[PDB]
Amino acid sequence: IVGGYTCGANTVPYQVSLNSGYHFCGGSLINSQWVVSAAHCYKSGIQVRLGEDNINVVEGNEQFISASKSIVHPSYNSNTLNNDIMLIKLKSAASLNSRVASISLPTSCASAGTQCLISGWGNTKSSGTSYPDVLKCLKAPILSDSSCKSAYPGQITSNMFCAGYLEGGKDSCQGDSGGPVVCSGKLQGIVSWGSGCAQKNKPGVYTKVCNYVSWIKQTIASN
Ligand SMILES: NC(=[NH2+])c1ccc2[nH]c(-c3cccc(-c4ccccc4)c3[O-])nc2c1
Ligand SMILES: [Ca+2]
């Protein structure tokens, strides 16, 4: 997260870190045994880390659970990143409390102008790599489809939306991929891509979760 602030330990209880010997992506806890992340974050050997704040120190509240299976959307296209969503089933259920909690899926899509909270342990520099130890947060608004499409002509599908600042300076970045975009207490997006980080006129692009709610529900119901 570039231009964000320190969230404060366990203030974002549905945030998870996908770890394979190091933190590589974020994710959101939606129930005690399932997490949603981005399909481009897929790999084998994923350990899900819940209740984290400082990813390099065990401080208490953490729960490390291995993933039993990862389900990448069947229509995920790695070249366009259309349908960039994945579900991870945990080997065992997490113990939910006030530090580890699930986030609700939306009943409707959000509108431009809606203010959302994006969080993660991704890069904090737009020019260079500086990864933090603690969770960073950023408040950003969903942009209108015309500003999104004018920024990335030909690259936005109806399963994506832009959120951020056209002036640059604040944005999600590499390492934040897979994490949550929560607006009005509902999970509306998944950090997916962008051109660089916090560059002028190149806002972040997110997977539009409202379009996948029936899919998520059906898939969880059958696995
Ligand atoms: N400007 C942005 N809002 C933004 C957001 C997420 C990003 N994620 C990335 C990204 C860049 C390089 C590699 C990965 C990557 C690839 C495979 C696995 C994990 C991360 C990224 O997610 N750039 C990103 C840029
Ligand atoms: Ca820790």
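The values are calculated or read from the model by the stated rules, or taken from the named source; nothing here is a laboratory result. Ideal geometry is used to build each Cβ from the backbone, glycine not excepted, and the neighbour counts take in all protein chains shown.
Examine the stretch 150-158 for a residue that is part of a strand (DSSP E or B), away from ligand 2 (no atom under 16 Å from the Cβ) and not assigned by CATH to the domain that holds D53, and state whether such a residue exists.
No - not one qualifying residue is present in the stretch 150-158.
Does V72 count as among the hydrophobic types (A, V, I, L, M, F, W, C) and away from ligand 1 (no atom under 15 Å from the Cβ)?
no
Residues that are among the aromatic types (F, W, Y) and near ligand 1 (Cβ under 10 Å from one of its atoms): which strands (runs of 3 or more DSSP E) entirely in the stretch 159-201 hold 2 or more of them?
Fully inside the stretch 159-201 and qualifying: nothing.
Under 7 Å between Cβ atoms, which residue pairs at least 6 apart in sequence (or on different chains) link something in the stretch 196-214 that is over 19 Å from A112 (Cβ atoms) with a partner that is among the hydroxyl-bearing types (S, T, Y)?
Listed pairs, sorted by first residue: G196/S126; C197/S126; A198/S126; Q199/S126.
For the stretch 165-173, check the following and say yes or no: at least one residue is surrounded by fewer than 24 Cβ atoms within 10 Å (Cβ to Cβ), among the basic types (K, R) and within 26 Å of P106 (Cα to Cα).
yes
Just give me the residues in the stretch 89-111 being out of contact with any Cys (no Cβ under 9 Å at 6 or more places or on another chain) and not polar (S, T, N, Q), in sequence order.
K89, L90, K91, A93, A94, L96, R99, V100, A101, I103
Pick out, from the stretch 44-122, the strands (runs of 3 or more DSSP E) lying fully within it that include 3 or more residues that are away from ligand 2 (no atom under 16 Å from the Cβ). So that I can check it myself, show each step before the final result.
Numbers: elements: 47-50, 63-72, 86-90, 115-120.
Ranges flagged: 63-72, 86-90, 115-120.
Take the stretch 123-139 and flag every residue that is in a loop (DSSP other than H, G, I, E, B), surrounded by 15 or more Cβ atoms within 10 Å (Cβ to Cβ) and within 16 Å of ligand 2 (Cβ to nearest atom).
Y131, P132, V134, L135, listed by residue number.
Please indicate, with yes or no, whether at least one residue in the stretch 4-14 is within 16 Å of ligand 1 (Cβ to nearest atom), crowded, with 24+ Cβ neighbours inside 10 Å and in the same structural domain as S130 (by CATH).
Keep residues of the stretch 4-14 that are within 16 Å of ligand 1 (Cβ to nearest atom), which gives 4.
If we keep only those that are crowded, with 24+ Cβ neighbours inside 10 Å too, we end up with 4.
Then keep just the ones that are in the same structural domain as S130 (by CATH); that gives 4.
The answer is yes; a qualifying residue exists.
Please work out if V57 is under 26 Å from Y131 (Cα atoms) and within 16 Å of ligand 1 (Cβ to nearest atom).
Taking the combined requirement at face value, the residue does not satisfy it.
Restricting to the stretch 58-94, name every residue that is hydroxyl-bearing (S, T, Y) and loosely packed, with under 12 Cβ neighbours inside 10 Å.
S75, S78, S92
Checking the structure you have, find out if any residue of the stretch 35-42 is away from ligand 1 (no atom under 15 Å from the Cβ), crowded, with 20+ Cβ neighbours inside 10 Å, of a type outside the set (S, T, N, Q) and assigned to a strand (DSSP E or B).
Yes; the residues of the stretch 35-42 include at least one that is away from ligand 1 (no atom under 15 Å from the Cβ), crowded, with 20+ Cβ neighbours inside 10 Å, of a type outside the set (S, T, N, Q) and assigned to a strand (DSSP E or B).
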